[PDB]
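Contents: one structure, followed by commentary.
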Amino acid sequence: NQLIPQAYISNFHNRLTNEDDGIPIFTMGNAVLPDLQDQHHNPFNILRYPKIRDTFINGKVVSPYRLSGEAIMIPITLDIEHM
Amino acid sequence: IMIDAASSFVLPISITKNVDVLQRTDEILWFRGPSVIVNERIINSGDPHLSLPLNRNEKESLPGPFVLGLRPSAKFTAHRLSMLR
Amino acid sequence: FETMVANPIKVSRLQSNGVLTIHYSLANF
């Protein structure tokens, strides 16, 4: 028991529409993330960081999507308004 | 013969003014029988006061109950406190 | 004072033996 499953959280669209994160895709201690600070082997400690209970509370469950001699590179722009 | 009787009771009136010396719950616990006072826990199993040998009306006022209770002598306790430090 | 029926303290044997002292095992949101 007491182990987190390895997947099933894909909280990406809420950070696309967070309005604090400067992502230009959509329009409509003192550290922030514990990637240098140990937590003495309780996962519950990671719930003190304000951007990480954001990904457990506002998360969802996703299902995994399943699937020449010289390259020619072409840049492609994408500009679509939608709702 | 049952086992799971309550055998302790508490009265509702808070009389907790002069009671800091009794056994409190944390009120006052009131049991269904008295206590039992035991003088000394360890019996002294030899000692012809108690063993009664079969060889050879007399009274003897022994000092205290401490004869019948295996007390250590003080020279060992001082030796062990010297061995302490 | 002689009409003051006392309150039994029940022990409830399974409470007396081994009671320990759930979100704090982080696997259940």
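In the structure tokens, each chain is lettered A, B, ... as it comes, each chain's residues begin at 1, and ligands are numbered from 1 in order of appearance.
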
Open item on the list: Residues of chain A within 12 Å of chain C, counting only C-alpha atoms - could you list those as a VMD selection string?
Closed with: chain A and resid 1 to 6 9 41 to 47 53 55 to 61

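For the residues B:30, B:24, B:45, B:16, ranking by smallest atom-to-atom distance to chain C using only C-alpha atoms places B:30 first.
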
TODO: In Å, rounded to a single decimal, give me how far atom CA of residue A:17 is from atom CA of residue A:81.
DONE: 15.1 Å

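Atom CA of residue B:62 is positioned 27.2 Å from atom CA of residue B:35.
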
- [ ] Write out as a PyMOL selection string each polymer residue whose atoms come within 12 Å of stretch 20-30 of chain A, counting only C-alpha atoms; drop sequence neighbours fewer than 4 positions from it.
- [x] chain A and resi 12-16+34+36-39+48-51+78-83

Grab the residues selected above and save them as an mmCIF file, in the first residue's frame with N, CA and C atoms.
data_model
loop_
_atom_site.group_PDB
_atom_site.id
_atom_site.type_symbol
_atom_site.label_atom_id
_atom_site.label_comp_id
_atom_site.auth_asym_id
_atom_site.auth_seq_id
_atom_site.Cartn_x
_atom_site.Cartn_y
_atom_site.Cartn_z
ATOM 1 N N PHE A 12 -2.368 19.777 -17.443
ATOM 2 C CA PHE A 12 -1.659 20.669 -18.344
ATOM 3 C C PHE A 12 -2.522 21.801 -18.869
ATOM 4 N N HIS A 13 -3.803 21.549 -19.137
ATOM 5 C CA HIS A 13 -4.673 22.578 -19.693
ATOM 6 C C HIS A 13 -5.005 23.665 -18.677
ATOM 7 N N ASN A 14 -5.056 23.324 -17.390
ATOM 8 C CA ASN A 14 -5.299 24.342 -16.380
ATOM 9 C C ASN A 14 -4.114 25.281 -16.210
ATOM 10 N N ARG A 15 -2.893 24.802 -16.426
ATOM 11 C CA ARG A 15 -1.747 25.694 -16.479
ATOM 12 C C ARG A 15 -1.685 26.465 -17.784
ATOM 13 N N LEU A 16 -2.314 25.952 -18.843
ATOM 14 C CA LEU A 16 -2.466 26.745 -20.056
ATOM 15 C C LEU A 16 -3.421 27.906 -19.827
ATOM 16 N N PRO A 34 10.144 21.511 -5.055
ATOM 17 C CA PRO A 34 11.141 20.839 -4.210
ATOM 18 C C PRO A 34 12.143 19.998 -4.991
ATOM 19 N N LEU A 36 15.285 20.664 -5.226
ATOM 20 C CA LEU A 36 16.592 20.738 -4.593
ATOM 21 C C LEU A 36 16.501 20.529 -3.088
ATOM 22 N N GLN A 37 15.316 20.237 -2.559
ATOM 23 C CA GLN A 37 15.069 20.191 -1.125
ATOM 24 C C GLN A 37 14.436 18.856 -0.781
ATOM 25 N N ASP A 38 15.083 18.101 0.100
ATOM 26 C CA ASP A 38 14.518 16.842 0.550
ATOM 27 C C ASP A 38 13.302 17.084 1.439
ATOM 28 N N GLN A 39 12.475 16.049 1.569
ATOM 29 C CA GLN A 39 11.252 16.138 2.354
ATOM 30 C C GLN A 39 11.177 15.062 3.426
ATOM 31 N N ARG A 48 2.854 20.983 0.764
ATOM 32 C CA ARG A 48 2.994 22.349 1.258
ATOM 33 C C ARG A 48 3.331 23.334 0.150
ATOM 34 N N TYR A 49 3.725 22.852 -1.011
ATOM 35 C CA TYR A 49 4.118 23.738 -2.099
ATOM 36 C C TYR A 49 2.892 24.149 -2.897
ATOM 37 N N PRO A 50 2.719 25.444 -3.172
ATOM 38 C CA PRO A 50 1.412 25.920 -3.646
ATOM 39 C C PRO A 50 1.102 25.558 -5.084
ATOM 40 N N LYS A 51 2.099 25.198 -5.884
ATOM 41 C CA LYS A 51 1.841 24.783 -7.256
ATOM 42 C C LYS A 51 1.648 23.281 -7.396
ATOM 43 N N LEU A 78 0.845 29.136 -36.651
ATOM 44 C CA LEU A 78 -0.505 28.677 -36.358
ATOM 45 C C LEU A 78 -1.209 29.748 -35.545
ATOM 46 N N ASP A 79 -2.282 30.297 -36.114
ATOM 47 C CA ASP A 79 -3.032 31.412 -35.540
ATOM 48 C C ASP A 79 -4.507 31.143 -35.821
ATOM 49 N N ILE A 80 -5.223 30.655 -34.811
ATOM 50 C CA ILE A 80 -6.639 30.312 -34.936
ATOM 51 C C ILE A 80 -7.376 30.851 -33.721
ATOM 52 N N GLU A 81 -8.403 31.662 -33.949
ATOM 53 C CA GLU A 81 -9.308 32.014 -32.868
ATOM 54 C C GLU A 81 -10.456 31.009 -32.815
ATOM 55 N N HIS A 82 -10.841 30.638 -31.595
ATOM 56 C CA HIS A 82 -11.831 29.581 -31.403
ATOM 57 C C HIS A 82 -12.476 29.757 -30.036
ATOM 58 N N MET A 83 -13.704 30.287 -30.020
ATOM 59 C CA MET A 83 -14.539 30.439 -28.822
ATOM 60 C C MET A 83 -13.867 31.334 -27.778
#

Task: Contact residues around stretch 65-81 of chain B with only C-alpha atoms at 10 Å, ignoring same-chain residues under 5 positions, as number ranges by chain - done: B: 39-47, 49-50

With N, CA and C atoms kept, could you save the residues just selected as an mmCIF file, in the first residue's frame?
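Dumped to selection10.cif:
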data_model
loop_
_atom_site.group_PDB
_atom_site.id
_atom_site.type_symbol
_atom_site.label_atom_id
_atom_site.label_comp_id
_atom_site.auth_asym_id
_atom_site.auth_seq_id
_atom_site.Cartn_x
_atom_site.Cartn_y
_atom_site.Cartn_z
ATOM 1 N N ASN B 39 2.409 -5.428 52.347
ATOM 2 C CA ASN B 39 3.557 -4.907 53.080
ATOM 3 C C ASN B 39 4.832 -4.969 52.255
ATOM 4 N N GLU B 40 5.269 -6.181 51.928
ATOM 5 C CA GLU B 40 6.486 -6.403 51.165
ATOM 6 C C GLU B 40 6.221 -7.434 50.085
ATOM 7 N N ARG B 41 6.733 -7.167 48.887
ATOM 8 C CA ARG B 41 6.396 -8.016 47.755
ATOM 9 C C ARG B 41 7.177 -9.321 47.745
ATOM 10 N N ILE B 42 8.450 -9.305 48.125
ATOM 11 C CA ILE B 42 9.314 -10.476 48.018
ATOM 12 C C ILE B 42 9.342 -11.220 49.344
ATOM 13 N N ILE B 43 8.977 -12.495 49.309
ATOM 14 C CA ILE B 43 9.031 -13.364 50.479
ATOM 15 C C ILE B 43 10.489 -13.729 50.712
ATOM 16 N N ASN B 44 10.864 -13.924 51.975
ATOM 17 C CA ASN B 44 12.182 -14.438 52.338
ATOM 18 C C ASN B 44 11.982 -15.900 52.731
ATOM 19 N N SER B 45 12.405 -16.807 51.845
ATOM 20 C CA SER B 45 11.936 -18.188 51.868
ATOM 21 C C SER B 45 12.643 -19.075 52.885
ATOM 22 N N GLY B 46 13.824 -18.701 53.368
ATOM 23 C CA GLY B 46 14.473 -19.508 54.385
ATOM 24 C C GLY B 46 14.053 -19.030 55.757
ATOM 25 N N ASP B 47 15.017 -18.573 56.589
ATOM 26 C CA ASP B 47 14.774 -17.818 57.822
ATOM 27 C C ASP B 47 13.836 -18.482 58.819
ATOM 28 N N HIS B 49 12.260 -18.220 61.369
ATOM 29 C CA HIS B 49 10.982 -17.566 61.629
ATOM 30 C C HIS B 49 9.894 -18.086 60.696
ATOM 31 N N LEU B 50 10.242 -18.378 59.440
ATOM 32 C CA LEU B 50 9.266 -18.827 58.457
ATOM 33 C C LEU B 50 9.429 -20.278 58.027
#

Within 8 Å of chain C, which residues of chain B show up? Give each one with its shortest atom-to-atom distance in Å (one decimal) and the two atoms involved, counting only C-alpha atoms, rows by chain then rising residue number, as JSON lines.
{"residue": "B:4", "atom": "CA", "partner": "C:11", "partner_atom": "CA", "distance": 7.7}
{"residue": "B:5", "atom": "CA", "partner": "C:10", "partner_atom": "CA", "distance": 7.7}
{"residue": "B:6", "atom": "CA", "partner": "C:10", "partner_atom": "CA", "distance": 5.3}
{"residue": "B:7", "atom": "CA", "partner": "C:8", "partner_atom": "CA", "distance": 7.4}
{"residue": "B:8", "atom": "CA", "partner": "C:9", "partner_atom": "CA", "distance": 6.0}
{"residue": "B:9", "atom": "CA", "partner": "C:8", "partner_atom": "CA", "distance": 4.9}
{"residue": "B:10", "atom": "CA", "partner": "C:7", "partner_atom": "CA", "distance": 5.4}
{"residue": "B:11", "atom": "CA", "partner": "C:6", "partner_atom": "CA", "distance": 5.3}
{"residue": "B:12", "atom": "CA", "partner": "C:6", "partner_atom": "CA", "distance": 7.5}

- [ ] Give the alpha helix (DSSP H) residues of chain B, as DSSP finds them on the backbone, and put them as a PyMOL selection string.
- [x] chain B and resi 74-84
